[PDB]
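Visitor: Residue numbers (this note's numbering): 8 to 137.
In this text, a Cβ means the ideal position worked out from N, Cα and C, and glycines have one as well.
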Ligand SMILES: O=C(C1CCC1)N1C[C@@H]2C[C@@H](CO)O[C@]2(CCO)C1
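(1) Which of the three DSSP states, helix, strand or coil, is assigned to residue 72?
(2) Within 10 angstroms of the Cβ of residue 75, are there 16 or more other Cβ atoms? Answer buried if so, exposed if not.
(3) Compute every distance between the C-beta of residue 47 and the non-hydrogen atoms of ligand 1, then say whether any falls below 8 Å.
(4) Could you tell me if residue 16 is buried or exposed, where buried requires 16 or more neighbouring beta carbons within 10 angstroms of its beta carbon?
(5) Let me check you understand the geometry: is the CB of residue 21 closer than 8 Å to at least one non-hydrogen atom of ligand 1?
(6) With distance defined between alpha-carbon atoms, name the residue in 118, 55, 45 nearest to residue 24.
(7) Whole-angstrom Cβ separation of residue 85 and residue 59, contact assumed at under 8 Å?
(8) Can you tell me where the alpha helix (DSSP H) holding residue 44 begins and where it ends?
(9) Drop a sphere of 10 angstroms on the beta-carbon of residue 126, count the other beta-carbons inside from all chains shown, and report buried for 16 or more, exposed for fewer.
(10) Give the range of the alpha helix (DSSP H) segment to which residue 20 is assigned.
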């Protein structure tokens, strides 16, 4: 229905606003573009599903997300990829891991304060009807 298409258009507006707020934070600059495959050749040998905030913006616009749950699966992938590629004790790996955990915790905190639980349940029920 047009009412359902209006629901999904409000979800995309909400997701673009959250993603922009993460992408302008100086801590998260390292998550704004893909890891460069010419400059980091063993990256895509280890990480089988690369993800970053520019790719997330593209996915919102391609109508890939019907729920905030499916958006948070990609934010969790950005965080898990950084934890698995950079696992060592040295300061450069520890700084990446701390920033990845802060990106995930920040996204979940914005969603807890600003997403209505009944709006999310509506998106889940339209998705499950298709
Ligand atoms: O995993 C990441 C992203 C940082 C936030 C996720 N890498 C892995 C490469 C090795 C690591 C050396 O410190 O830096 C990277 C290359 C420079 O950008 C980026």
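Guide: Inspection of the coordinates gives the following:
(1) Of the three classes helix, strand and coil, the one that applies to residue 72 here is coil, per DSSP.
(2) Counting the other Cβ atoms within 10 Å of the Cβ of residue 75 gives 16 or more, which makes it buried.
(3) Flag set: Cβ of residue 47 near ligand 1.
(4) The residue is exposed, with fewer than 16 neighbouring Cβ atoms inside 10 Å.
(5) Incorrect: residue 21 has no Cβ contact closer than 8 Å to ligand 1.
(6) Selected option, being the one with the closest Cα: 118.
(7) So it is a contact: roughly 6 Å between Cβ atoms.
(8) Segment: none, residue 44 is in no alpha helix (DSSP H) and carries neither H nor E.
(9) Around the CB of residue 126, fewer than 16 other CB atoms lie within 10 Å, so the residue is classed as exposed.
(10) Residues 9-31.
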